[PDB]
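> What follows is a structure written as structure tokens; I'll ask about it next.
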Amino acid sequence: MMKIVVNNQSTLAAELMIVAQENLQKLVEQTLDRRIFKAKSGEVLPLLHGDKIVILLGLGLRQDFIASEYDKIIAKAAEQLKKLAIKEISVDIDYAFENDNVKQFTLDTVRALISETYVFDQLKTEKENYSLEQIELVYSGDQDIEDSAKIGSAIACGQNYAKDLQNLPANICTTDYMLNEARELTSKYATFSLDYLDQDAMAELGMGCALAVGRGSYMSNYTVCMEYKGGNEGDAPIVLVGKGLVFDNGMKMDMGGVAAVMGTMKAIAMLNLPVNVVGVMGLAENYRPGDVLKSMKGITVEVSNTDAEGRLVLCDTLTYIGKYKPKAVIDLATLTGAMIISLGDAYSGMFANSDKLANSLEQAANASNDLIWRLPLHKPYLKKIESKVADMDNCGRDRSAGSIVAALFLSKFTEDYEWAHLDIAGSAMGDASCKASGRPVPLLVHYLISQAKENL
Amino acid sequence: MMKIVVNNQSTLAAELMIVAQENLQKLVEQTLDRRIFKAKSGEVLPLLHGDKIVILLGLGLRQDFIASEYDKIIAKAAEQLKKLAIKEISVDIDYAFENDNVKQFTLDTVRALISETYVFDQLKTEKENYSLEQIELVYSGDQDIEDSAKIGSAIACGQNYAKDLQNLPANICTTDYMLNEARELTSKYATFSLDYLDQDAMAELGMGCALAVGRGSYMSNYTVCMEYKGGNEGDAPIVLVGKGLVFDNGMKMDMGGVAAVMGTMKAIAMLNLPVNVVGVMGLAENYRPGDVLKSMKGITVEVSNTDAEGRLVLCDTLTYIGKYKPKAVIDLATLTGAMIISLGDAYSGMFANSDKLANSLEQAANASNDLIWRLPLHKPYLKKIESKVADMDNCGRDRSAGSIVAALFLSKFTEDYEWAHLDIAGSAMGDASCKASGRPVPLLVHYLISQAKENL
Amino acid sequence: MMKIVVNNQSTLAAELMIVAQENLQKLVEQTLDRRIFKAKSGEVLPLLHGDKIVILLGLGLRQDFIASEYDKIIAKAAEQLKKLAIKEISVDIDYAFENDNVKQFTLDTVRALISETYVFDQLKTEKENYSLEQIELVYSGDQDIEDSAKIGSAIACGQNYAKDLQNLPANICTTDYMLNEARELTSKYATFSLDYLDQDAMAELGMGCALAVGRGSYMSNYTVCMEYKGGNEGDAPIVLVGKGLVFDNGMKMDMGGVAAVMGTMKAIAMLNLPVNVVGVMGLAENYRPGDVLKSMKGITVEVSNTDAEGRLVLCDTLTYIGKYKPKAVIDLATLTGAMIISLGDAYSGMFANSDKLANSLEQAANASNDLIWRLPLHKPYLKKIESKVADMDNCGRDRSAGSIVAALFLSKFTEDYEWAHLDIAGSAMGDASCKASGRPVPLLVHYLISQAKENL
Ligand SMILES: [Cl-]
Ligand SMILES: [Cl-]
Ligand SMILES: [Cl-]
Ligand SMILES: [Cl-]
Ligand SMILES: [Cl-]
Ligand SMILES: [Cl-]
Ligand SMILES: [Cl-]
Ligand SMILES: [Cl-]
Ligand SMILES: [Cl-]
Ligand SMILES: [Cl-]
Ligand SMILES: [Cl-]
Ligand SMILES: [Cl-]
Ligand SMILES: [Cl-]
Ligand SMILES: [Cl-]
Ligand SMILES: [Cl-]
Ligand SMILES: [K+]
Ligand SMILES: [K+]
Ligand SMILES: [K+]
Ligand SMILES: [K+]
Ligand SMILES: [K+]
Ligand SMILES: [K+]
Ligand SMILES: [K+]
Ligand SMILES: [K+]
Ligand SMILES: [K+]
């Protein structure tokens, strides 16, 4: 596997010097060796002069530094690593910002490095044969950063797993494929258990909304539950709900919901978090316009928009998970294109029926720099999905407050939970980058770690 | 004019009873007179039984009550008022919610009544000949509500004026027409003064962005400044900047920016606020794709989107107002259609480069229930308007984070102010209601009143 | 200015080693210094180890090498040059392909280097302040390459000038601006003379097609002629005709036609070619659908497509240039979007009414690797522009054989010349690269040089 260690000097054959612009001069003294690299944000200079390779990466000035953009900077170094085929790297952070707290910066540096050196060649004939085998984090200060490195490593491992699942094509990534992934993941840890419903079970429960979305398909619906019993027995679990509609459209809406749940379950299992968590996945493949379905809850839904099938899967799943008597429920869905227009790729939009939960997610977002922006769950917009023939419509007649309307639809099914909804259409896919990001795995693991600490 | 008085009993020939559902029974005792009206939110029952007419209007239960929707409820009564031709009305609020603070509820009731009985028949041959001549607010409690009524009245007067200006057609509402409105408004109050630039003056200042938007038109550009010297001489003014691009398109983007500035200037003049305020209006009428302009600031702007001309007018105006050395600058623009998708009609989206200012606007929004939602001014999205041939583009190449991008463009021109930008495309026009609302006049007057009090 | 010299060893402080993969080993012996760079096509490795910087640039294997793509490879080195701020560079070509003839490779290397280090910051506030000041071409063989370097230099100077003109925005690049460029260029060389027609002159000649295209605009039409009298007096000139419709649309059709004429006139003036050449520019700015115009030739043209105005300018200009009694006439026009669909960015599509001329252009294209593909001037497609009300239509009723139809339209005006038409919509702009290329300046200068040699 990947070796992550921490040390107070650099001992590998290649080194990556991460340099704040205000520390450039000091670095120069310790070393126009002087003039050539100015340590500007994202600037990269590989010095192959010594027998050992040295790559300088600039951060610019503290006052211009947006932490949420740090992956984009590390990306620059990661290209050089791949290009020079460097598999073992010492990462010296002594010349970064004095102000920044080292623990989070360590966590982030390790995470971004492992994340940005990710490669997908599963379906290619020519293999890249490149990956990092070792990172030696080099730090001279007095702070304990060992664990931070371990966590950033685990998270990056989960983001990359999420990326794998988002990158698979729909004909390979079938509902059976996903069900098998859940089996293979749960088999690897004694703390895991797997429960799931097939169509028959789902039909006995009256899950009319979710079953209708797959009605026409050859791929079976499944509601898959990975119970991670990290915490004390009987303590209420945190439930993560992911939407995994194969071949979903809004432009294409990928597996990001379930991909991030998988990625998050893997990470917390690796870190062995002392918290109870259930990862739940609603699986289906893509029932005419105007049909009326009966949800498990018993609310009748007129499906006015055939494009909006993803929410139908999420509503029955959200009703079903109530059995867990969850302390919190967070769902993740590449749910609306409106989200990209509202916030772009940088933020996951979030909606919550609980200020306490919203706050915790906001703290996790600040800590991890996996950015969220809360949007208002504005009840009067419920009128936009009144229906002539049914209890409610699934979608408004126009595009206005689209994401809000979608969250409101779901909110009819979650009134008994403390609940948050992350619309990750932008944050998971990009907005024209079109690249799997593995988000919001980092946010969720920070949130879960914070909840796990509150346990002790 | 309109008579607003306050009294502890009802003495006019028609009465409007505003009834919380929890107080229905109590109202019945004081009076199937019983069974017929249930005081549901917005329910209306006119009793023409007595010689005096009595209209009952329900509020539903406290726990279901969204204050920001109160105009929609009052609207129901206002239809009855017009239909029954009632010009003098006693408004009894003793049966409304006990919990609600009476002062704000009084202010809101008076405002909504005057606002919702608004009529526009200026260009019609058949006149409605309807308006409220007198409201007697009836309240039995110990709170002093006289002033609250006066304020709600002034605000509604400003909203209606704003509605008039939004409702005028572009061929009547010329830049000259607007300039004359500013003259007529400033002539009515000793506290007002008028300064303005014509094209020649604007060209001497190098206002290349704003001048370019009107370059082709017969209607002249103007930058119109209404200085309201309510406060102590030499105290830094609050500057309100409005975008008034005649015949603007994004669907059509109306005069809402300048209309709300006008409405706000009228209201604070009527209330005689002890605060220094300058209302500024950038006027122009609708220069090919790809042109490069030099702003007054000297930044060069490639105009990639011919639709996005409104921001060009706002940037030069924002630079120009710096002369005032304003304590705060708030601009208002029906700027993007993206806003309607993000938030719909209920919220003005806001962006701020100052947390202090954002907070004050958030307090005003809470107080008045003229809702705002802060969106993030996310600097990395500046990349979306990098330009090959110029300092910057005016618009991104796609629709993503559109409103944010527009705010970021403007933010390049306001780095020296505490500054907020209200995108009122949704809140001023509706999202398919398509009706002038006079917003955000109510928000701005609350904000200004709060600032005026902090003066003493 | 730029210093270009030739030498048999490298004497500047930075060096660029251009390395064929089959010569990598040999280079290594002369020098894992070994393992790291594999000389793959476009691979770049800057060695800042010595006091002098050394950049290695790979070509891959001879059998995989497409010469027309060489600029894309040089581009890789040019980024490093700019990034390391290297202004003086020795370019060693001894390790390139043995098979390639050195003269053309020298010409191409110099041209691509100067072309790919081009910067446009005319309208920017922040200047790049970067350009090559000196290239020392290093070659150990027995071939005389001095002149080749001079020519490649002149051509790159013309391509960059063309790029400048394509990159200017329409509001800066007015018909007056272009007329002034022709004045400034003709003033710099005794061999140049300037004749031109304004609108009045054009109207006396009956140029009804060209005048109609600008009829509505403020920018005047001009037909601008730069007579370059390099050759013997009285010898028939080669006429290059360029279409320069400001703000033209098809997506946007730029100044590429006149830009390349300008660039070509500059280059041959610098090289002092002993050939008679007239560069002619039809200038206008953007007359309803269905109008009938009388061309100078007297053919009546129904303008069915308002988008197709560019050809109307070209037809009157083509008639007019007959006065020169030209030996050959080549026109260049970003004329159809169809071209990009047919051939993409790599080829200029060409049409000719003369096999002799087509052949010469094909030889120039082979020599310079400024690629052309001849398309058929298929007379039966003349039926697609038959007109009910006029001699002919300007455009077909559908998109089929669009470029061919456009060439056929023009061919009605050139039956007395040996004539070629280059549709450079793809080759000048890119197809989503969207980048000015300065093509086909290189092709035209090779053609002209070849014609100049045939003179002696
Ligand atoms: Cl990994
Ligand atoms: Cl959906
Ligand atoms: Cl939507
Ligand atoms: Cl609850
Ligand atoms: Cl923990
Ligand atoms: Cl009024
Ligand atoms: Cl705009
Ligand atoms: Cl937009
Ligand atoms: Cl400030
Ligand atoms: Cl006050
Ligand atoms: Cl040059
Ligand atoms: Cl054309
Ligand atoms: Cl075509
Ligand atoms: Cl001939
Ligand atoms: Cl020659
Ligand atoms: K297990
Ligand atoms: K199925
Ligand atoms: K949308
Ligand atoms: K006055
Ligand atoms: K004008
Ligand atoms: K939009
Ligand atoms: K001359
Ligand atoms: K003209
Ligand atoms: K086409």
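Ligands are numbered from 1 in the order shown, chains are lettered A, B, ... in the order of the structure tokens, and residues start at 1 in each chain.
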Counting only C-alpha atoms and all ligand atoms, name the residues that have an atom within 8 Å of an atom of ligand 18; the answer should be given as a PDB file with C-alpha atoms, in the first residue's frame.


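Output below, filename part_19.pdb:
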```pdb
ATOM      1  CA  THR A 336     -30.525  19.699 -10.094  1.00  0.00           C
ATOM      2  CA  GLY A 337     -28.730  21.593 -12.860  1.00  0.00           C
ATOM      3  CA  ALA A 338     -30.073  24.726 -11.162  1.00  0.00           C
ATOM      4  CA  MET A 339     -27.398  24.137  -8.532  1.00  0.00           C
ATOM      5  CA  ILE A 341     -26.250  28.007 -12.038  1.00  0.00           C
ATOM      6  CA  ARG A 399     -37.202  26.546 -13.620  1.00  0.00           C
ATOM      7  CA  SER A 400     -37.534  29.124 -10.816  1.00  0.00           C
ATOM      8  CA  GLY A 402     -35.693  24.796  -8.897  1.00  0.00           C
TER       9      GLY A 402
ATOM     10  CA  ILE B 341     -33.471  30.223 -10.792  1.00  0.00           C
TER      11      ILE B 341
END
```

> Could you please write out, as a PDB file with N, CA and C atoms, in the first residue's frame, every residue of stretch 122-361 of chain B that DSSP assigns to strand (DSSP E)?


```pdb
ATOM      1  N   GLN B 134     -58.927  56.555   3.929  1.00  0.00           N
ATOM      2  CA  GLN B 134     -58.689  56.489   5.368  1.00  0.00           C
ATOM      3  C   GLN B 134     -58.591  55.078   5.939  1.00  0.00           C
ATOM      4  N   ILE B 135     -57.547  54.872   6.736  1.00  0.00           N
ATOM      5  CA  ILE B 135     -57.376  53.694   7.573  1.00  0.00           C
ATOM      6  C   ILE B 135     -57.349  54.107   9.046  1.00  0.00           C
ATOM      7  N   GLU B 136     -58.256  53.543   9.830  1.00  0.00           N
ATOM      8  CA  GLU B 136     -58.252  53.763  11.266  1.00  0.00           C
ATOM      9  C   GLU B 136     -57.785  52.452  11.834  1.00  0.00           C
ATOM     10  N   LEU B 137     -56.548  52.420  12.307  1.00  0.00           N
ATOM     11  CA  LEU B 137     -56.037  51.224  12.941  1.00  0.00           C
ATOM     12  C   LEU B 137     -56.578  51.091  14.365  1.00  0.00           C
ATOM     13  N   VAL B 138     -57.270  49.990  14.640  1.00  0.00           N
ATOM     14  CA  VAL B 138     -57.933  49.773  15.930  1.00  0.00           C
ATOM     15  C   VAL B 138     -57.168  48.780  16.820  1.00  0.00           C
ATOM     16  N   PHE B 192     -33.463  68.028  -0.041  1.00  0.00           N
ATOM     17  CA  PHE B 192     -32.980  67.436  -1.289  1.00  0.00           C
ATOM     18  C   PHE B 192     -32.124  68.391  -2.126  1.00  0.00           C
ATOM     19  N   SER B 193     -31.156  67.867  -2.872  1.00  0.00           N
ATOM     20  CA  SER B 193     -30.472  68.654  -3.903  1.00  0.00           C
ATOM     21  C   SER B 193     -30.188  67.716  -5.052  1.00  0.00           C
ATOM     22  N   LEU B 194     -30.072  68.275  -6.244  1.00  0.00           N
ATOM     23  CA  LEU B 194     -29.897  67.484  -7.425  1.00  0.00           C
ATOM     24  C   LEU B 194     -28.604  67.828  -8.135  1.00  0.00           C
ATOM     25  N   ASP B 195     -27.761  66.835  -8.301  1.00  0.00           N
ATOM     26  CA  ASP B 195     -26.645  66.980  -9.197  1.00  0.00           C
ATOM     27  C   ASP B 195     -26.750  65.915 -10.267  1.00  0.00           C
ATOM     28  N   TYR B 196     -26.344  66.216 -11.489  1.00  0.00           N
ATOM     29  CA  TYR B 196     -26.251  65.125 -12.438  1.00  0.00           C
ATOM     30  C   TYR B 196     -25.239  65.364 -13.546  1.00  0.00           C
ATOM     31  N   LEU B 197     -24.764  64.277 -14.149  1.00  0.00           N
ATOM     32  CA  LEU B 197     -23.927  64.366 -15.327  1.00  0.00           C
ATOM     33  C   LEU B 197     -24.708  64.004 -16.567  1.00  0.00           C
ATOM     34  N   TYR B 222     -27.382  59.568 -18.369  1.00  0.00           N
ATOM     35  CA  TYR B 222     -27.314  60.529 -17.285  1.00  0.00           C
ATOM     36  C   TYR B 222     -26.863  59.780 -16.057  1.00  0.00           C
ATOM     37  N   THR B 223     -26.076  60.412 -15.205  1.00  0.00           N
ATOM     38  CA  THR B 223     -25.834  59.863 -13.876  1.00  0.00           C
ATOM     39  C   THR B 223     -26.470  60.854 -12.914  1.00  0.00           C
ATOM     40  N   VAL B 224     -27.569  60.461 -12.295  1.00  0.00           N
ATOM     41  CA  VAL B 224     -28.380  61.407 -11.544  1.00  0.00           C
ATOM     42  C   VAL B 224     -28.203  61.194 -10.049  1.00  0.00           C
ATOM     43  N   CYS B 225     -27.901  62.260  -9.314  1.00  0.00           N
ATOM     44  CA  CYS B 225     -27.666  62.153  -7.863  1.00  0.00           C
ATOM     45  C   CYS B 225     -28.631  62.995  -7.047  1.00  0.00           C
ATOM     46  N   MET B 226     -29.424  62.338  -6.223  1.00  0.00           N
ATOM     47  CA  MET B 226     -30.302  63.037  -5.316  1.00  0.00           C
ATOM     48  C   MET B 226     -29.700  63.039  -3.933  1.00  0.00           C
ATOM     49  N   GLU B 227     -29.097  64.151  -3.543  1.00  0.00           N
ATOM     50  CA  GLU B 227     -28.509  64.227  -2.217  1.00  0.00           C
ATOM     51  C   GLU B 227     -29.543  64.628  -1.181  1.00  0.00           C
ATOM     52  N   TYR B 228     -29.802  63.727  -0.252  1.00  0.00           N
ATOM     53  CA  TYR B 228     -30.723  63.986   0.821  1.00  0.00           C
ATOM     54  C   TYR B 228     -29.942  64.275   2.102  1.00  0.00           C
ATOM     55  N   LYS B 229     -29.880  65.546   2.469  1.00  0.00           N
ATOM     56  CA  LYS B 229     -29.057  65.941   3.595  1.00  0.00           C
ATOM     57  C   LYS B 229     -29.849  66.018   4.890  1.00  0.00           C
ATOM     58  N   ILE B 238     -24.796  57.498   3.086  1.00  0.00           N
ATOM     59  CA  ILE B 238     -25.067  56.182   2.552  1.00  0.00           C
ATOM     60  C   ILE B 238     -25.483  56.377   1.092  1.00  0.00           C
ATOM     61  N   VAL B 239     -24.841  55.659   0.174  1.00  0.00           N
ATOM     62  CA  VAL B 239     -25.152  55.832  -1.227  1.00  0.00           C
ATOM     63  C   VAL B 239     -25.927  54.630  -1.727  1.00  0.00           C
ATOM     64  N   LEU B 240     -27.095  54.877  -2.324  1.00  0.00           N
ATOM     65  CA  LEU B 240     -27.874  53.822  -2.975  1.00  0.00           C
ATOM     66  C   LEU B 240     -27.708  53.960  -4.461  1.00  0.00           C
ATOM     67  N   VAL B 241     -27.203  52.929  -5.122  1.00  0.00           N
ATOM     68  CA  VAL B 241     -26.997  53.000  -6.560  1.00  0.00           C
ATOM     69  C   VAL B 241     -27.980  52.114  -7.298  1.00  0.00           C
ATOM     70  N   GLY B 242     -28.677  52.703  -8.255  1.00  0.00           N
ATOM     71  CA  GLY B 242     -29.693  52.001  -9.004  1.00  0.00           C
ATOM     72  C   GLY B 242     -29.367  51.921 -10.474  1.00  0.00           C
ATOM     73  N   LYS B 243     -29.652  50.774 -11.071  1.00  0.00           N
ATOM     74  CA  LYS B 243     -29.395  50.585 -12.479  1.00  0.00           C
ATOM     75  C   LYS B 243     -30.701  50.789 -13.210  1.00  0.00           C
ATOM     76  N   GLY B 244     -30.692  51.716 -14.154  1.00  0.00           N
ATOM     77  CA  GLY B 244     -31.886  52.033 -14.897  1.00  0.00           C
ATOM     78  C   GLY B 244     -31.622  52.014 -16.378  1.00  0.00           C
ATOM     79  N   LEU B 245     -31.449  50.814 -16.910  1.00  0.00           N
ATOM     80  CA  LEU B 245     -31.213  50.644 -18.322  1.00  0.00           C
ATOM     81  C   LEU B 245     -32.569  50.470 -18.959  1.00  0.00           C
ATOM     82  N   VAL B 246     -32.956  51.424 -19.791  1.00  0.00           N
ATOM     83  CA  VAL B 246     -34.242  51.339 -20.446  1.00  0.00           C
ATOM     84  C   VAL B 246     -34.204  50.200 -21.441  1.00  0.00           C
ATOM     85  N   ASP B 248     -34.006  46.837 -21.071  1.00  0.00           N
ATOM     86  CA  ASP B 248     -32.921  45.906 -20.781  1.00  0.00           C
ATOM     87  C   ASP B 248     -33.427  44.458 -20.888  1.00  0.00           C
ATOM     88  N   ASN B 249     -32.570  43.539 -21.334  1.00  0.00           N
ATOM     89  CA  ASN B 249     -32.972  42.134 -21.523  1.00  0.00           C
ATOM     90  C   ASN B 249     -32.009  41.101 -20.909  1.00  0.00           C
ATOM     91  N   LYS B 252     -37.323  40.215 -19.969  1.00  0.00           N
ATOM     92  CA  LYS B 252     -37.014  41.648 -19.834  1.00  0.00           C
ATOM     93  C   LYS B 252     -36.670  42.105 -18.401  1.00  0.00           C
ATOM     94  N   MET B 253     -35.556  42.835 -18.260  1.00  0.00           N
ATOM     95  CA  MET B 253     -35.053  43.363 -16.973  1.00  0.00           C
ATOM     96  C   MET B 253     -35.443  44.840 -16.745  1.00  0.00           C
ATOM     97  N   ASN B 276     -27.900  61.260   6.301  1.00  0.00           N
ATOM     98  CA  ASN B 276     -27.407  61.663   4.979  1.00  0.00           C
ATOM     99  C   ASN B 276     -27.410  60.517   3.970  1.00  0.00           C
ATOM    100  N   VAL B 277     -28.082  60.713   2.845  1.00  0.00           N
ATOM    101  CA  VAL B 277     -28.237  59.642   1.880  1.00  0.00           C
ATOM    102  C   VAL B 277     -28.200  60.225   0.504  1.00  0.00           C
ATOM    103  N   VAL B 278     -27.501  59.560  -0.400  1.00  0.00           N
ATOM    104  CA  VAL B 278     -27.522  59.945  -1.801  1.00  0.00           C
ATOM    105  C   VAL B 278     -28.096  58.820  -2.622  1.00  0.00           C
ATOM    106  N   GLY B 279     -29.167  59.109  -3.353  1.00  0.00           N
ATOM    107  CA  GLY B 279     -29.733  58.185  -4.323  1.00  0.00           C
ATOM    108  C   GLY B 279     -29.122  58.504  -5.662  1.00  0.00           C
ATOM    109  N   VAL B 280     -28.515  57.506  -6.286  1.00  0.00           N
ATOM    110  CA  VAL B 280     -27.818  57.699  -7.533  1.00  0.00           C
ATOM    111  C   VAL B 280     -28.431  56.791  -8.573  1.00  0.00           C
ATOM    112  N   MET B 281     -28.614  57.318  -9.775  1.00  0.00           N
ATOM    113  CA  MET B 281     -29.236  56.556 -10.841  1.00  0.00           C
ATOM    114  C   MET B 281     -28.380  56.615 -12.085  1.00  0.00           C
ATOM    115  N   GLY B 282     -28.028  55.440 -12.599  1.00  0.00           N
ATOM    116  CA  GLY B 282     -27.352  55.353 -13.875  1.00  0.00           C
ATOM    117  C   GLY B 282     -28.407  55.126 -14.937  1.00  0.00           C
ATOM    118  N   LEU B 283     -28.597  56.111 -15.800  1.00  0.00           N
ATOM    119  CA  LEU B 283     -29.613  56.000 -16.835  1.00  0.00           C
ATOM    120  C   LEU B 283     -29.009  55.844 -18.231  1.00  0.00           C
ATOM    121  N   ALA B 284     -29.596  54.945 -19.008  1.00  0.00           N
ATOM    122  CA  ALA B 284     -29.182  54.749 -20.390  1.00  0.00           C
ATOM    123  C   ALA B 284     -30.223  53.921 -21.139  1.00  0.00           C
ATOM    124  N   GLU B 285     -30.131  53.893 -22.463  1.00  0.00           N
ATOM    125  CA  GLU B 285     -30.983  53.031 -23.265  1.00  0.00           C
ATOM    126  C   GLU B 285     -30.125  52.081 -24.115  1.00  0.00           C
ATOM    127  N   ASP B 291     -16.166  43.881 -28.134  1.00  0.00           N
ATOM    128  CA  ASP B 291     -15.558  45.200 -27.976  1.00  0.00           C
ATOM    129  C   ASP B 291     -14.813  45.360 -26.664  1.00  0.00           C
ATOM    130  N   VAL B 292     -13.767  46.187 -26.668  1.00  0.00           N
ATOM    131  CA  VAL B 292     -13.007  46.503 -25.451  1.00  0.00           C
ATOM    132  C   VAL B 292     -13.203  47.973 -25.037  1.00  0.00           C
ATOM    133  N   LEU B 293     -13.703  48.192 -23.819  1.00  0.00           N
ATOM    134  CA  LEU B 293     -13.979  49.539 -23.317  1.00  0.00           C
ATOM    135  C   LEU B 293     -13.039  49.878 -22.193  1.00  0.00           C
ATOM    136  N   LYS B 294     -12.773  51.168 -22.003  1.00  0.00           N
ATOM    137  CA  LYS B 294     -12.030  51.585 -20.828  1.00  0.00           C
ATOM    138  C   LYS B 294     -12.954  52.201 -19.793  1.00  0.00           C
ATOM    139  N   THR B 300      -9.798  47.676 -18.316  1.00  0.00           N
ATOM    140  CA  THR B 300     -10.301  47.484 -19.669  1.00  0.00           C
ATOM    141  C   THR B 300     -11.204  46.269 -19.691  1.00  0.00           C
ATOM    142  N   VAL B 301     -12.369  46.416 -20.305  1.00  0.00           N
ATOM    143  CA  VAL B 301     -13.377  45.385 -20.241  1.00  0.00           C
ATOM    144  C   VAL B 301     -13.740  44.912 -21.638  1.00  0.00           C
ATOM    145  N   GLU B 302     -13.538  43.622 -21.910  1.00  0.00           N
ATOM    146  CA  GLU B 302     -14.033  42.997 -23.128  1.00  0.00           C
ATOM    147  C   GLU B 302     -15.490  42.645 -22.908  1.00  0.00           C
ATOM    148  N   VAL B 303     -16.345  43.174 -23.764  1.00  0.00           N
ATOM    149  CA  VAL B 303     -17.762  42.920 -23.688  1.00  0.00           C
ATOM    150  C   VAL B 303     -18.062  41.696 -24.523  1.00  0.00           C
ATOM    151  N   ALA B 328     -21.335  53.702   3.310  1.00  0.00           N
ATOM    152  CA  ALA B 328     -21.798  52.445   2.756  1.00  0.00           C
ATOM    153  C   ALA B 328     -22.334  52.693   1.361  1.00  0.00           C
ATOM    154  N   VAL B 329     -22.237  51.675   0.517  1.00  0.00           N
ATOM    155  CA  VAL B 329     -22.787  51.717  -0.828  1.00  0.00           C
ATOM    156  C   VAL B 329     -23.574  50.449  -1.102  1.00  0.00           C
ATOM    157  N   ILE B 330     -24.842  50.620  -1.435  1.00  0.00           N
ATOM    158  CA  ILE B 330     -25.694  49.510  -1.775  1.00  0.00           C
ATOM    159  C   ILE B 330     -26.190  49.718  -3.166  1.00  0.00           C
ATOM    160  N   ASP B 331     -25.955  48.758  -4.050  1.00  0.00           N
ATOM    161  CA  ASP B 331     -26.527  48.881  -5.387  1.00  0.00           C
ATOM    162  C   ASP B 331     -27.663  47.886  -5.588  1.00  0.00           C
ATOM    163  N   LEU B 332     -28.574  48.225  -6.488  1.00  0.00           N
ATOM    164  CA  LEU B 332     -29.755  47.423  -6.707  1.00  0.00           C
ATOM    165  C   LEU B 332     -29.924  47.302  -8.179  1.00  0.00           C
ATOM    166  N   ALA B 333     -30.050  46.082  -8.654  1.00  0.00           N
ATOM    167  CA  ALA B 333     -30.071  45.873 -10.068  1.00  0.00           C
ATOM    168  C   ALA B 333     -30.912  44.644 -10.345  1.00  0.00           C
ATOM    169  N   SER B 348     -34.404  38.777  -2.446  1.00  0.00           N
ATOM    170  CA  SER B 348     -33.386  39.466  -3.208  1.00  0.00           C
ATOM    171  C   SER B 348     -32.095  38.757  -2.832  1.00  0.00           C
ATOM    172  N   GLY B 349     -31.300  38.380  -3.836  1.00  0.00           N
ATOM    173  CA  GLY B 349     -29.991  37.829  -3.557  1.00  0.00           C
ATOM    174  C   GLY B 349     -29.085  38.974  -3.180  1.00  0.00           C
ATOM    175  N   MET B 350     -28.298  38.798  -2.122  1.00  0.00           N
ATOM    176  CA  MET B 350     -27.293  39.811  -1.842  1.00  0.00           C
ATOM    177  C   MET B 350     -25.859  39.314  -1.692  1.00  0.00           C
ATOM    178  N   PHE B 351     -24.941  40.207  -2.052  1.00  0.00           N
ATOM    179  CA  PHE B 351     -23.511  39.987  -2.023  1.00  0.00           C
ATOM    180  C   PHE B 351     -22.903  41.172  -1.329  1.00  0.00           C
ATOM    181  N   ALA B 352     -21.868  40.944  -0.541  1.00  0.00           N
ATOM    182  CA  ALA B 352     -21.289  42.048   0.217  1.00  0.00           C
ATOM    183  C   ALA B 352     -19.803  41.824   0.353  1.00  0.00           C
TER     184      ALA B 352
END
```

> List all protein, DNA and RNA residues that have any atom at most 9 Å from ligand 9, counting only C-alpha atoms and all ligand atoms, and write the list as a ChimeraX atom specification.

/B:327,353-354,414-419

> Residues of chain A within 10 Å of chain B, using only C-alpha atoms, as an MDAnalysis selection string?

chainID A and resid 64 66 68:69 337:347 373:376 378:381 397:405 426 431:432

> Would you please give, as a ChimeraX atom specification, all residues of stretch 128-370 of chain B that DSSP assigns to alpha helix (DSSP H) based on the backbone?

/B:146-167,175-187,199-204,208-214,256-271,309-320,338-343,355-368

> Please report the interatomic distance between atom CA of residue C:48 and atom CA of residue C:12 in Å with one decimal.

14.0 Å

> Given a cut-off of 9 Å, what residues near ligand 7 show up using only C-alpha atoms and all ligand atoms, put as a list in words?

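If we count only C-alpha atoms and all ligand atoms, the neighbours of ligand 7 turn out to be residues 248, 249, 250, 253, 307, 308, 309, 310, 311, 312, 313, 314, 333, 334, 335, 336, 394, 395 and 406 of chain B.
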
> Quick one: everything within 8 Å of stretch 442-455 of chain B, counting only C-alpha atoms, minus sequence neighbours fewer than 5 positions away in the same chain. Send it as a list in words.

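Non-adjacent residues within range: residues 155, 156, 159, 264, 267, 268, 273, 274, 275, 360, 361, 363, 364, 365, 367, 368, 369, 370 and 371 of chain B.
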